[PDB]
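See structure below.
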Amino acid sequence: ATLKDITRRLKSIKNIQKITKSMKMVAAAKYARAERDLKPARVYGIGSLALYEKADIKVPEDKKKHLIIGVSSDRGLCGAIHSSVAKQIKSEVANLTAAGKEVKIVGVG
Amino acid sequence: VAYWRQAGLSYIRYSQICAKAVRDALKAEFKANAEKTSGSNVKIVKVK
Amino acid sequence: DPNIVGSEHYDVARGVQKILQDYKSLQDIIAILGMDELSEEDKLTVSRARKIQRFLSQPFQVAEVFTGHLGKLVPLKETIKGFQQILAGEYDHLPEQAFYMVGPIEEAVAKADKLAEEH
Amino acid sequence: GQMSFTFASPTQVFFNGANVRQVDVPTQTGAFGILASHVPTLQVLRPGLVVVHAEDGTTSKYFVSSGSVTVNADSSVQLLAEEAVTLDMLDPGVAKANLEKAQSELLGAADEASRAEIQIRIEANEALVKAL
Amino acid sequence: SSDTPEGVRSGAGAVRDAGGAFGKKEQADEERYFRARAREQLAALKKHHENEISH
Amino acid sequence: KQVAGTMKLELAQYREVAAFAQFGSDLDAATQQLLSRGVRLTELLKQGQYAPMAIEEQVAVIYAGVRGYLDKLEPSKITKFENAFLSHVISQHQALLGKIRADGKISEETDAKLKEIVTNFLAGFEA
């Protein structure tokens with residue numbers, strides 16, 4: 001804890017304070033567009049859900065094969081988005097592969 | 001059943017072409033809306 | 001000074017120093033965003049700047065007992081010509097390990113062929 | 001009567017959730033009018049127009065690239081569309097030369113998959129030239 | 001204490017000047033990128049050299 | 001005093017948005033403007049060693065940047081345009097670089113005459 005060591009450490013976190021405050025202003029605009037586009041495509045997934053209300057279809061007893069699909073981005077620094085999906089996926093293939101069905105997953109991203 | 005059947009093609013292959021065949025027929029004022037779709041973003045890498 | 005060393009020596013050495021100070025403003029972004037978040041222009045900067053940084057290194061003759069390499073002695077007319085081309089883009093298609101510890105720029109393509117033959 | 005005419009696209013939502021009278025559906029096995037207690041059928045679409053009929057003076061004109069119907073058990077038809085394009089943004093001059101182009105390339109197909117595909121291309125290009 | 005010339009400020013490229021655990025997280029991140037472009041480029045060399053002779 | 005009161009203010013607004021410029025294209029058109037105008041005025045203020053300028057000549061160069069007659073150009077073409085704008089106005093307009101060195105203040109009869117020099121040079125430059 002000398003005078004040089006305190007300065008170079010303090011100078012570093014003054015850089016990291018700028019970069020993350022710019023990076024919030026970049027991602028404040030990307031969310032502000034990606035809030036706009038979703039409400040048109042909200043009524044697109046209205047139609048495919050409305051198919052299953054009037055005709056109530058279920059997976060009856062057992063299948064020979066199966067799929068699991070999980071979406072994400074390729075980018076990090078988002079908190080708990082990617083591990084809120086992978087840990088959901090391992091919570092079902094353990095629940096499956098005991099009723100005998102074969103599972104094969106595909107991960108987009 | 002039609003001629004695309006018994007030939008090796010499907011409906012998603014049918015939908016990619018008659019989208020582009022419409023989207024290339026536009027005037028040269030709304031060309032960027034054909035670039036609004038731009039399906040050539042996702043890539044494919046195989047395990048083997 | 002553009003009146004003693006000439007106005008070609010001067011325009012080169014004020015673009016080597018300008019691309020190395022452009023590097024350090026990107027190194028604070030890489031430490032948070034990572035390398036595969038940058039745009040395609042800023043990726044071109046880091047690759048040339050690491051090519052220039054490795055090309056500034058040179059094996060001295062008195063490092064023939066320390067490193068085991070062989071020594072160089074580059075003339076001035078080749079020094080200006082070699083650095084002029086890395087800034088232009090005429091060696092954008094090589095690996096960085098060619099440029100480490102060579103002399104003239106013609107030895108830095110005779111290494112990128114030996115690396116590709118022994119692959 | 002009591003029919004929520006849903007119709008949209010991924011870009012911009014068209015006539016949505018509104019009580020509209022009669023819809024034209026361009027479909028392989030022809031076009032069929034939707035008349036107020038129409039029998040539920042999940043058929044997908046071919047290229048063509050949708051001329052949709054309302055009480056607001058006169059009908060509108062659109063153009064669906066490749067759509068799908070899901071008319072349900074009650075009086076609720078939902079129409080979808082990848083490209084529900086408007087007609088007036090189309091250029092006739094480049095559009096004609098495509099039709100003679102692909103028929104000139106019919107016998108350059110040494111396989112059997114693409115030979116159906118050029119038959120798809122002229123059918124999509126014949127779909128617009130009767131329309132325009 | 002930054003809105004004054006008397007109050008101290010920072011330079012450009014000081015994160016890797018300290019030597020912490022962000023200066024290491026960045027010195028290694030650059031080698032995990034520019035080692036794998038070094039064999040996309042390396043593989044293409046045999047073909048590129050041939051191509052020069054061709055044209 | 002007349003031109004630097006618009007210049008010192010606008011090179012001060014560039015300093016607050018000077019962090020956004022490194023990784024930015026998804027910003028507002030106003031913030032993308034301050035990154036534009038502020039980097040032309042920085043290119044004007046470059047100056048070679050042992051070349052002092054007369055005062056009313058600097059009022060010519062700074063009048064081009066801060067008024068709007070440099071936004072449609074490329075930033076490595078700013079430090080060429082200034083040198084080509086000066087040699088045209090020394091020789092072919094020497095009578096108007098002594099009407100500021102005597103009067104002192106830019107009247108409107110000179111504020112309307114430099115508009116017909118910069119725009120009638122910005123056309124026949126890019127060649």
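Residue numbers start at 1 in each chain; chains themselves are named A, B, ... in the order of the structure tokens; ligands are numbered from 1 in the order shown.
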Handout entry: Residue list for chain D near chain A as a PyMOL selection string, 7 Å, only C-alpha atoms
Key = chain D and resi 8+10+12-13+72-73+78
Selection to disk with N, CA, C and O atoms, as a PDB file, in the first residue's frame:
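Contents of again.pdb, as written:
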```pdb
ATOM      1  N   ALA D   8     -51.983 -10.630 -39.913  1.00  0.00           N
ATOM      2  CA  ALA D   8     -50.767  -9.939 -39.517  1.00  0.00           C
ATOM      3  C   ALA D   8     -49.607 -10.393 -40.387  1.00  0.00           C
ATOM      4  O   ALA D   8     -49.792 -11.006 -41.440  1.00  0.00           O
ATOM      5  N   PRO D  10     -44.827 -10.556 -39.766  1.00  0.00           N
ATOM      6  CA  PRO D  10     -43.764 -10.255 -38.793  1.00  0.00           C
ATOM      7  C   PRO D  10     -43.352  -8.791 -38.759  1.00  0.00           C
ATOM      8  O   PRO D  10     -42.889  -8.312 -37.717  1.00  0.00           O
ATOM      9  N   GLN D  12     -45.312  -5.683 -39.888  1.00  0.00           N
ATOM     10  CA  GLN D  12     -46.339  -4.754 -39.454  1.00  0.00           C
ATOM     11  C   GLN D  12     -47.675  -5.472 -39.430  1.00  0.00           C
ATOM     12  O   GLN D  12     -48.031  -6.196 -40.359  1.00  0.00           O
ATOM     13  N   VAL D  13     -48.418  -5.244 -38.356  1.00  0.00           N
ATOM     14  CA  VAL D  13     -49.710  -5.875 -38.140  1.00  0.00           C
ATOM     15  C   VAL D  13     -50.746  -5.192 -39.014  1.00  0.00           C
ATOM     16  O   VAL D  13     -50.917  -3.969 -38.952  1.00  0.00           O
ATOM     17  N   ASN D  72     -61.179 -21.428 -36.531  1.00  0.00           N
ATOM     18  CA  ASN D  72     -61.370 -22.267 -35.363  1.00  0.00           C
ATOM     19  C   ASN D  72     -62.799 -22.793 -35.280  1.00  0.00           C
ATOM     20  O   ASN D  72     -63.577 -22.715 -36.233  1.00  0.00           O
ATOM     21  N   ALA D  73     -63.128 -23.350 -34.109  1.00  0.00           N
ATOM     22  CA  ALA D  73     -64.444 -23.948 -33.894  1.00  0.00           C
ATOM     23  C   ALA D  73     -65.534 -22.889 -33.831  1.00  0.00           C
ATOM     24  O   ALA D  73     -66.600 -23.048 -34.438  1.00  0.00           O
ATOM     25  N   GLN D  78     -58.067 -16.791 -38.134  1.00  0.00           N
ATOM     26  CA  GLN D  78     -56.784 -16.129 -38.001  1.00  0.00           C
ATOM     27  C   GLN D  78     -55.982 -16.384 -39.262  1.00  0.00           C
ATOM     28  O   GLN D  78     -55.736 -17.538 -39.618  1.00  0.00           O
TER      29      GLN D  78
END
```
Problem - Neighbour list for range 28-40 of chain B as a ChimeraX atom specification, cut-off 9 Å, only C-alpha atoms, skip fewer than 2 positions in-chain - result: /B:20,23-24,26,42-43 /D:11,89-91
Restricting the output to N, CA, C and O atoms, write the selected residues as a tab-separated table (two decimals), in the first residue's frame.
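See out-v3.tsv below for the written result:
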```tsv
chain	number	residue	atom	x	y	z
B	20	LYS	N	-39.12	-14.31	-51.76
B	20	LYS	CA	-38.09	-13.58	-52.48
B	20	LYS	C	-38.55	-13.18	-53.87
B	20	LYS	O	-38.19	-12.11	-54.37
B	23	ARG	N	-40.41	-10.29	-53.21
B	23	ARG	CA	-39.60	-9.22	-52.63
B	23	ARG	C	-38.57	-8.67	-53.61
B	23	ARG	O	-38.04	-7.58	-53.40
B	24	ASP	N	-38.27	-9.42	-54.67
B	24	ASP	CA	-37.38	-8.86	-55.69
B	24	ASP	C	-38.17	-8.08	-56.73
B	24	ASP	O	-37.59	-7.37	-57.56
B	26	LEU	N	-40.27	-5.69	-56.13
B	26	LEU	CA	-40.56	-4.35	-55.63
B	26	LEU	C	-39.88	-3.25	-56.43
B	26	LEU	O	-38.91	-3.51	-57.15
B	42	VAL	N	-28.32	-16.12	-39.48
B	42	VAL	CA	-27.99	-17.30	-38.69
B	42	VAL	C	-27.03	-18.19	-39.46
B	42	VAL	O	-27.17	-18.40	-40.67
B	43	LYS	N	-26.02	-18.71	-38.76
B	43	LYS	CA	-25.05	-19.62	-39.33
B	43	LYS	C	-25.31	-21.02	-38.80
B	43	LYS	O	-26.03	-21.22	-37.82
D	11	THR	N	-43.50	-8.06	-39.86
D	11	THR	CA	-43.09	-6.66	-39.86
D	11	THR	C	-44.15	-5.76	-39.25
D	11	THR	O	-43.93	-5.16	-38.20
D	89	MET	N	-46.27	-0.81	-54.49
D	89	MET	CA	-44.82	-0.71	-54.40
D	89	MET	C	-44.11	-1.72	-55.30
D	89	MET	O	-42.93	-2.00	-55.08
D	90	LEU	N	-44.80	-2.25	-56.30
D	90	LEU	CA	-44.24	-3.24	-57.21
D	90	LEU	C	-43.94	-2.60	-58.56
D	90	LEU	O	-44.69	-1.75	-59.04
D	91	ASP	N	-42.85	-3.04	-59.17
D	91	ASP	CA	-42.39	-2.47	-60.44
D	91	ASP	C	-42.65	-3.45	-61.57
D	91	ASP	O	-42.08	-4.55	-61.57
```
Problem - 12 Å contacts from chain A to chain F using only C-alpha atoms, as a PyMOL selection string - result: chain A and resi 15-33
Practice task
Hey, list the chain A side of the contact with chain E: 10 Å cut-off, only C-alpha atoms, answer as a PyMOL selection string.
Solution key: chain A and resi 4-16
Exercise for the section: Specify as an MDAnalysis selection string all residues of chain A found within 12 Å of chain B, counting only C-alpha atoms. Expected result: chainID A and resid 73:74 106:109
Could you save the residues just selected, with C-alpha atoms, as a PDB file, in the first residue's frame?
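Resulting contents of part.pdb:
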```pdb
ATOM      1  CA  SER A  73     -27.704 -15.108 -27.682  1.00  0.00           C
ATOM      2  CA  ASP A  74     -23.962 -15.543 -28.081  1.00  0.00           C
ATOM      3  CA  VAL A 106     -30.591 -28.687 -30.250  1.00  0.00           C
ATOM      4  CA  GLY A 107     -29.235 -25.396 -28.970  1.00  0.00           C
ATOM      5  CA  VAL A 108     -29.616 -22.291 -31.112  1.00  0.00           C
ATOM      6  CA  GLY A 109     -26.927 -19.828 -30.137  1.00  0.00           C
TER       7      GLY A 109
END
```
Handout entry: Nearby residues (only C-alpha atoms) at most 6 Å from range 31-38 of chain D, same-chain spacing under 5 positions excluded, as a list in words
Key = residues 1, 22, 23, 24, 25 and 26 of chain D
Exercise for the section: Within 9 Å of chain C, which residues of chain E are there when counting only C-alpha atoms? Please give them as a PyMOL selection string. Expected result: chain E and resi 12-16+22-27+29-30+32-35+37-39+41-46+49
Practice task
Output the contact residues of chain B with respect to chain D at a cut-off of 7 Å, based on only C-alpha atoms, as a count of residues only.
Solution key: 12
Residues near residue 65 in chain A, anyone? I mean within 10 Å using only C-alpha atoms, not counting same-chain ones fewer than 4 positions away, as a CSV table (one decimal) with C-alpha atoms, in the first residue's frame.
```csv
chain,number,residue,atom,x,y,z
A,100,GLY,CA,-37.9,-44.8,-22.0
A,101,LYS,CA,-38.1,-42.1,-24.7
A,102,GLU,CA,-35.0,-41.1,-26.6
A,103,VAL,CA,-34.1,-37.4,-26.3
A,104,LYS,CA,-31.9,-35.3,-28.6
```
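Residues in contact with residue 87 in chain C at up to 10 Å, not including ones fewer than 3 positions away on its chain and judged by only C-alpha atoms, are residues 12, 15, 16, 19, 45, 48, 49, 51, 52, 82, 83, 84, 90, 91 and 92 of chain C.
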Practice task
Mind giving me the straight-line distance from CA of residue 83 in chain F to CA of residue 57 in chain F in Å, one decimal?
Solution key: 11.5 Å
Problem - Test item, helix (DSSP H, G or I) assignment across chain E, answer as an MDAnalysis selection string - result: chainID E and resid 15:18 24:27 40:54
Please write the residues from the selection above to a file, keeping N, CA and C atoms, as a PDB file, in the first residue's frame.
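Output saved as part03.pdb:
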```pdb
ATOM      1  N   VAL E  15      -5.849   0.264 -17.314  1.00  0.00           N
ATOM      2  CA  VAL E  15      -6.326  -0.998 -16.753  1.00  0.00           C
ATOM      3  C   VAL E  15      -5.238  -2.058 -16.825  1.00  0.00           C
ATOM      4  N   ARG E  16      -4.543  -2.127 -17.941  1.00  0.00           N
ATOM      5  CA  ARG E  16      -3.436  -3.053 -18.076  1.00  0.00           C
ATOM      6  C   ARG E  16      -2.142  -2.458 -17.528  1.00  0.00           C
ATOM      7  N   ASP E  17      -2.175  -1.211 -17.061  1.00  0.00           N
ATOM      8  CA  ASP E  17      -1.010  -0.639 -16.395  1.00  0.00           C
ATOM      9  C   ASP E  17      -0.910  -1.057 -14.937  1.00  0.00           C
ATOM     10  N   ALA E  18      -2.038  -1.347 -14.289  1.00  0.00           N
ATOM     11  CA  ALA E  18      -2.022  -1.802 -12.902  1.00  0.00           C
ATOM     12  C   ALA E  18      -1.408  -3.189 -12.773  1.00  0.00           C
ATOM     13  N   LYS E  24      -5.084  -9.162 -16.396  1.00  0.00           N
ATOM     14  CA  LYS E  24      -4.815 -10.559 -16.719  1.00  0.00           C
ATOM     15  C   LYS E  24      -5.989 -11.158 -17.491  1.00  0.00           C
ATOM     16  N   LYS E  25      -7.201 -10.721 -17.162  1.00  0.00           N
ATOM     17  CA  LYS E  25      -8.399 -11.200 -17.843  1.00  0.00           C
ATOM     18  C   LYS E  25      -8.459 -10.669 -19.270  1.00  0.00           C
ATOM     19  N   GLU E  26      -7.597  -9.702 -19.602  1.00  0.00           N
ATOM     20  CA  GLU E  26      -7.587  -9.127 -20.941  1.00  0.00           C
ATOM     21  C   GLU E  26      -6.349  -9.557 -21.720  1.00  0.00           C
ATOM     22  N   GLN E  27      -5.233  -9.787 -21.031  1.00  0.00           N
ATOM     23  CA  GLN E  27      -4.030 -10.254 -21.711  1.00  0.00           C
ATOM     24  C   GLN E  27      -4.203 -11.685 -22.199  1.00  0.00           C
ATOM     25  N   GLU E  40      -6.749 -20.341 -39.050  1.00  0.00           N
ATOM     26  CA  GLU E  40      -7.571 -20.094 -40.227  1.00  0.00           C
ATOM     27  C   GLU E  40      -6.727 -19.541 -41.361  1.00  0.00           C
ATOM     28  N   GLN E  41      -5.844 -18.622 -40.995  1.00  0.00           N
ATOM     29  CA  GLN E  41      -4.901 -17.998 -41.905  1.00  0.00           C
ATOM     30  C   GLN E  41      -3.813 -18.946 -42.382  1.00  0.00           C
ATOM     31  N   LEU E  42      -3.317 -19.770 -41.469  1.00  0.00           N
ATOM     32  CA  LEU E  42      -2.247 -20.711 -41.780  1.00  0.00           C
ATOM     33  C   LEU E  42      -2.642 -21.773 -42.808  1.00  0.00           C
ATOM     34  N   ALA E  43      -3.862 -22.289 -42.683  1.00  0.00           N
ATOM     35  CA  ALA E  43      -4.380 -23.305 -43.596  1.00  0.00           C
ATOM     36  C   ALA E  43      -4.526 -22.790 -45.026  1.00  0.00           C
ATOM     37  N   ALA E  44      -4.987 -21.551 -45.150  1.00  0.00           N
ATOM     38  CA  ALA E  44      -5.211 -20.903 -46.442  1.00  0.00           C
ATOM     39  C   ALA E  44      -3.952 -20.501 -47.214  1.00  0.00           C
ATOM     40  N   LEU E  45      -2.801 -20.504 -46.552  1.00  0.00           N
ATOM     41  CA  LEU E  45      -1.551 -20.104 -47.191  1.00  0.00           C
ATOM     42  C   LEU E  45      -1.133 -20.960 -48.379  1.00  0.00           C
ATOM     43  N   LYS E  46      -1.309 -22.272 -48.291  1.00  0.00           N
ATOM     44  CA  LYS E  46      -0.898 -23.121 -49.401  1.00  0.00           C
ATOM     45  C   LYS E  46      -1.682 -22.761 -50.660  1.00  0.00           C
ATOM     46  N   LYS E  47      -2.988 -22.575 -50.503  1.00  0.00           N
ATOM     47  CA  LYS E  47      -3.852 -22.199 -51.614  1.00  0.00           C
ATOM     48  C   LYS E  47      -3.582 -20.799 -52.177  1.00  0.00           C
ATOM     49  N   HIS E  48      -3.363 -19.833 -51.290  1.00  0.00           N
ATOM     50  CA  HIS E  48      -3.120 -18.451 -51.698  1.00  0.00           C
ATOM     51  C   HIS E  48      -1.846 -18.319 -52.516  1.00  0.00           C
ATOM     52  N   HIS E  49      -0.803 -19.014 -52.079  1.00  0.00           N
ATOM     53  CA  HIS E  49       0.480 -18.987 -52.760  1.00  0.00           C
ATOM     54  C   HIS E  49       0.343 -19.564 -54.168  1.00  0.00           C
ATOM     55  N   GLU E  50      -0.419 -20.649 -54.286  1.00  0.00           N
ATOM     56  CA  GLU E  50      -0.659 -21.304 -55.570  1.00  0.00           C
ATOM     57  C   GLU E  50      -1.402 -20.356 -56.505  1.00  0.00           C
ATOM     58  N   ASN E  51      -2.390 -19.671 -55.931  1.00  0.00           N
ATOM     59  CA  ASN E  51      -3.246 -18.721 -56.631  1.00  0.00           C
ATOM     60  C   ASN E  51      -2.448 -17.569 -57.220  1.00  0.00           C
ATOM     61  N   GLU E  52      -1.396 -17.156 -56.520  1.00  0.00           N
ATOM     62  CA  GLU E  52      -0.547 -16.077 -57.010  1.00  0.00           C
ATOM     63  C   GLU E  52       0.131 -16.508 -58.308  1.00  0.00           C
ATOM     64  N   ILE E  53       0.594 -17.752 -58.342  1.00  0.00           N
ATOM     65  CA  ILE E  53       1.232 -18.304 -59.529  1.00  0.00           C
ATOM     66  C   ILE E  53       0.228 -18.390 -60.675  1.00  0.00           C
ATOM     67  N   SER E  54      -1.000 -18.776 -60.342  1.00  0.00           N
ATOM     68  CA  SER E  54      -2.063 -18.913 -61.330  1.00  0.00           C
ATOM     69  C   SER E  54      -2.394 -17.583 -62.000  1.00  0.00           C
TER      70      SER E  54
END
```
Problem - Length of the CA of residue 8 in chain F to CA of residue 65 in chain F vector [Å] - result: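 So the two atoms, CA of residue 8 in chain F and CA of residue 65 in chain F, lie 12.5 Å apart.
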